[PDB]
Structures are given as C-alpha cells and as structure tokens.
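Protein chains in written order, with the authors' numbering: chain A, 672 to 727; chain R, 54 to 138, 208 to 227; chain Q, 92 to 143, 343 to 412; chain I, 2 to 120.
Beta carbons: idealized from backbone N, C-alpha and C, even for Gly.
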Amino acid sequence: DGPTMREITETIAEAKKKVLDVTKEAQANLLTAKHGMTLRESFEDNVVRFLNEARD
Amino acid sequence: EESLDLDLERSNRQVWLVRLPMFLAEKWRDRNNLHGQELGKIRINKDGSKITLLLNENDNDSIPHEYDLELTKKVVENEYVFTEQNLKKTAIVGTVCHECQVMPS
Amino acid sequence: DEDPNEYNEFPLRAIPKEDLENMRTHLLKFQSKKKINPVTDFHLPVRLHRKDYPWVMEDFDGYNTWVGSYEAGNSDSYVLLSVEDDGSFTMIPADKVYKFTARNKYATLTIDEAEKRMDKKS
Amino acid sequence: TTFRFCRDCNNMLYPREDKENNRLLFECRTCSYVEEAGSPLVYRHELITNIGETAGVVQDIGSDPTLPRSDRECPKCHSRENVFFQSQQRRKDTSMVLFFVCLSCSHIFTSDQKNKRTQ
Ligand SMILES: [Zn+2]
Ligand SMILES: [Zn+2]
Numbered sequence: 672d673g674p675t676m677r678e679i680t681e682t683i684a685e686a687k688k689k690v691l692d693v694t695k696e697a698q699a700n701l702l703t704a705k706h707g708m709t710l711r712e713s714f715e716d717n718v719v720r721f722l723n724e725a726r727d
Numbered sequence: 054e055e056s057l058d059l060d061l062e063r064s065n066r067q068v069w070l071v072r073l074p075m076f077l078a079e080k081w082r083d084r085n086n087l088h089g090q091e092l093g094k095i096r097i098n099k100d101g102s103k104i105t106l107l108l109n110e111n112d113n114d115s116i117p118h119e120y121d122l123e124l125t126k127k128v129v130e131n132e133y134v135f136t137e138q208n209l210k211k212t213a214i215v216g217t218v219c220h221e222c223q224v225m226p227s
Numbered sequence: 092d093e094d095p096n097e098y099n100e101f102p103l104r105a106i107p108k109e110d111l112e113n114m115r116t117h118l119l120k121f122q123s124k125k126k127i128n129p130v131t132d133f134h135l136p137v138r139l140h141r142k143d343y344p345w346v347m348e349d350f351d352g353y354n355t356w357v358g359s360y361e362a363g364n365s366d367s368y369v370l371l372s373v374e375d376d377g378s379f380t381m382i383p384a385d386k387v388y389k390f391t392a393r394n395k396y397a398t399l400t401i402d403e404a405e406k407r408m409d410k411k412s
Numbered sequence: 002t003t004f005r006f007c008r009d010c011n012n013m014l015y016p017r018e019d020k021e022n023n024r025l026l027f028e029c030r031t032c033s034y035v036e037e038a039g040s041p042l043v044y045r046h047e048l049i050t051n052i053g054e055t056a057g058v059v060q061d062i063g064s065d066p067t068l069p070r071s072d073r074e075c076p077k078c079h080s081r082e083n084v085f086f087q088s089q090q091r092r093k094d095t096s097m098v099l100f101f102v103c104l105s106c107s108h109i110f111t112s113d114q115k116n117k118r119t120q
C-alpha cells in the first residue's frame, strides 16, 4: 500500500533518530556500560537492537 | 714529513662548507684550469645577510641567474677539513666556520 | 630592481684544476657528544693512519682513538670554500666525507669476559 | 619521567643513591660521570593511559578530506569551523568522546559532558 509505505518509511525514520540519540549520548560520555561490557560494546548492542526492532 | 702525522689546525683557519647542486658543479668543471677556472662570483648583500652565487657569463649564454644560499648551523658537530697530497702527507687544513647550501635556480 | 644598496661580491675561482691536494680535500666530522677539542695540550700530536680502509686517528697513548668511516653519496655535493687574503674564493670539491670514529676507551680486559659472564647466563 | 644522558658518553644514566647526604644521583656506567637528580620520580608505569588521544594533530589536519566537519562554536575564537575524530588510543575499552580541532585557532576541544580537559 501507498500509506503502508509512508508508515514503513516513517518507522525507519524514527529508529534512525533513536540511533543518532544513543550516538550523541555516547559521544558526550553520558553512556553507562552494562556490567561485563565495553562502553562501545554496550553501544553497538543498542544500535543493532534498534535497527532490527525496526526491520521487523 | 713526520710520517703518519697530521698537520696544523691549531692555526684556527676557517673555511666554509657549501652544498652545491650536481648540475652546477657539472658546469664548473667546464671552466678551464688555465683560465683559473673562474666560475662566477659570490654576492653578499646586506639589509639582512643574503648570499648568492652567480655563474659567469662565459659559462652560459643567457642572463645569469642567482642561486640563493640558505645559511645553516654547524649543528652539534665539529667539521674539519683534512687534505691528502700526492705525497700522501696529511694536513688538518681548517675548521668549518659556516655551512651553507646553494639552492638550485 | 635598482640597487640603492651595496653588495660585496667576490670572484669565485671555480676550483682550480691543478692543485697539489687538488685530489684530496676531505671532511672529518666529529659528533658534538664526543667533545673533541682541537686545542688541547694533549691533542698537540695526532696521527692519521689507514687501517688495513677506515681511518684511524690516535693521540699519544692514553688518549682516545677514533675510527673514520665513509658516508654515502648524493646528487648534490659539497665544496670547500676558502678565501684568499685578496677576497677571491677558491673552491675545492670534497673527495670524501668521513664520520669519526674513535674510541672510549675503557674497553680493555673486558668485552670477551663480559660476554662469557652473560653466557654463564642464558 | 623524562630522563637524561651523560655529557661525554651520550650513554644513558643509571640512578645511584648518595647514602651520606641522602640524595639521588645519575651515574654513567661507561665513564666516571655523575649528576644530581631533577625529580625524585625515577619510574612511572601508567596503566590507565590518556596519552595517544590527540596524536598526529599536524596543523595540516584540515587538509584531510576523510575527516568530518562540524558547526560547533570554539571555546577560544568561537569559530564554527572544525574537524573531528575519536580517541586515537587504539584500545578496546576507549570511550566514543570526540576531539574537535579548530580550523582557525587550532585549539583542541572535546564533547565530554562528564569531565573537563586541556589536551
Ligand atoms: Zn659517560
Ligand atoms: Zn578556535
């Protein structure tokens, strides 16, 4: 559908921001790592998780 | 003289060490020894110390181009010049007071 | 431009072809760390001998010895410029440049024994 | 740390204690040279390093096209012209903090909102 495609595009769009938001948060050193993980490892986990939540 | 001996730097004679481009040296070889091989002249300009080298007109037909020299430091080193004659006597001729590089032009 | 200023220019005798040591003008270079002082009552004497060829430089015994090795070449080359009483300059090409190249010394009754001790280490 | 060498040898210096006057020296093990110490610190380990973060910041840093730009106003000249990069200390642990280099004053400012720097 035409509107389903608009709705899909806007699903990726919001997930794209959610990711930038965690990136800006990580660049500003405010991110707090999960016990037994790099600050970076913790970040990549989140990014990867949002992007998949999105694809689905 | 005393064999195997070195000669006289004690006199504190000073000399300059100059780096020249290969092409220029090539030109210099051309000058006749009989002539005394006068290659050209060195210019010392004031208003700041500037030294340049210019080839003699005989050397090339054109307007002589000055080759600027970049003065450099002795560096943490002492450079001395020693000569060996056909006789194979060795003499400690002088110490290098100043170093310079003649830039290509 | 116009030269309101004055320049002192000296004639350069591009290298005289015929010189007694036309053939050899060499550079002997010492590292400042070596701290060699030519004006030494001790360094009044000096001998320079080819070692059979690195050059060997030695003062009277009890004084340091230096070895001279030849440096690698390049496109540019060095000339020694000397000035006559008359301002004229005579230039001579450097035959070879040597980095000296001396002793220490305090290397006697050792070296071979130290390595052996080092071996008594492994 | 920042250590010295022997003038005369150029060989390195080993620390010797002057038991009598209770003071630290630096001896040369190739000649008879000795000099008093500048600092009491002889050895520094450093496990949690910060030296590597702002490496290779040649004034030509602006000439790298691969580097990204931002409109962040400089703490010094207030210029919204700067190139940015992450901690060049190639370790796993390392935070994603950014280092901004001014395309005018050349001052290195960070995005760190937890701590305040000078490198
Ligand atoms: Zn020493
Ligand atoms: Zn600035």
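(message) By alpha-carbon positions, which one of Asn364/Q, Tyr368/Q, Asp385/Q, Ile127/Q ends up nearest to residue 12/R?
(response) Residue coverage of chain R in this structure runs from 54 to 227, which leaves residue 12/R outside it and unanswerable.
(request) Have a look at the DSSP bridge pairing and note the partners of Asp58/R. (result) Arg138/Q
(message) Let me check understanding here. Comparing Cα to Cα, which of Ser123/Q, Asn113/Q, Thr355/Q lies closest to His134/Q?
(response) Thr355/Q
(request) Could you tell me how far apart the beta carbons of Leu370/Q and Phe379/Q are, in whole angstroms, since I believe they sit closer than 8 Å? (result) Going by Cβ atoms, the distance from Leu370/Q to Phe379/Q rounds to 10 Å, so no, they are not a contact pair.
(request) Determine, using beta carbons only, whether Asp72/I comes closer than 8 Å to chain A. (result) no
(request) Tell me, please, whether the segment 53-68 of chain I touches the segment 87-105 of chain I by the rule of three or more beta-carbon pairs shorter than 8 Å. (result) yes
(message) Between which residues of its own chain and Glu28/I is the CB-CB distance below 6 Å, once the five residues before and five after are set aside?
(response) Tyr15, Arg17, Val35
(message) Can you tell me whether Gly39/I is helix, strand or coil according to DSSP?
(response) coil
(message) To be precise: take each residue of the segment 71-94 of chain I, compare its Cβ to all Cβ atoms of chain A, and keep it if any distance is under 8 Å. Which residues remain?
(response) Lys93, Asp94
(request) List in chain order the residues whose CB is within less than 6 Å of at least one heavy atom of ligand 2. (result) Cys75/I, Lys77/I, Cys78/I, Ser80/I, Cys103/I, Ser105/I, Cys106/I, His108/I
(message) Just to confirm the assignment, what range does the alpha helix (DSSP H) spanning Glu685/A have?
(response) 673-698
(message) So, at 8 Å on beta carbons, what are the nonlocal neighbours of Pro226/R in its own chain, with the 5 sequence-adjacent residues on each side left out?
(response) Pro74, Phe76, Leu77, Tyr120
(request) Tell me whether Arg115/Q is buried or exposed, calling it buried when 16 or more other Cβ atoms sit within 10 Å of its Cβ. (result) buried
(request) Report yes if the C-beta of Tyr34/I is less than 7 Å from at least one heavy atom of ligand 1; otherwise report no. (result) yes
(message) Between the alpha carbons of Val690/A and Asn717/A, how many angstroms are there, rounded?
(response) 8 Å
(message) Relative to the C-alpha of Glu361/Q, which candidate in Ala397/Q, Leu399/Q, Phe121/Q has its C-alpha closest?
(response) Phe121/Q
(message) Against chain I, does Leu710/A count as a neighbour if the rule is that its beta carbon must be under 8 Å from one of theirs?
(response) yes
(request) Return yes when the C-beta of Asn131/R is under 7 Å from any heavy atom of ligand 3, and no when it is not. (result) Here the bound small molecules are ligand 1 and ligand 2; ligand 3 is not part of this structure.
(request) Under 8 Å Cβ to Cβ from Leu702/A, same chain only, skipping five residues before and after it: list those, please. (result) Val693, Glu696, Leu710, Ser713, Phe714
(message) Let's test the definition: count the other Cβ atoms within 10 Å of the Cβ of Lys125/Q and tell me whether it reaches 16, buried, or not, exposed.
(response) buried
(request) Less than 8 Å between the CB atoms is what I'm expecting for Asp114/R and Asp83/R, so what's the real figure, rounded? (result) With a Cβ gap of about 13 Å, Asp114/R and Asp83/R do not count as contacting.
(message) Quick check: is the beta carbon of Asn723/A nearer than 8 Å to any beta carbon in chain I?
(response) no
(request) Run down chain I in chain order and give the residues with a C-beta less than 8 Å from the C-beta of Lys126/Q. (result) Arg8, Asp9
(message) Do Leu106/R and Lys80/R count as a contact pair if the criterion is CB distance below 8 Å?
(response) no
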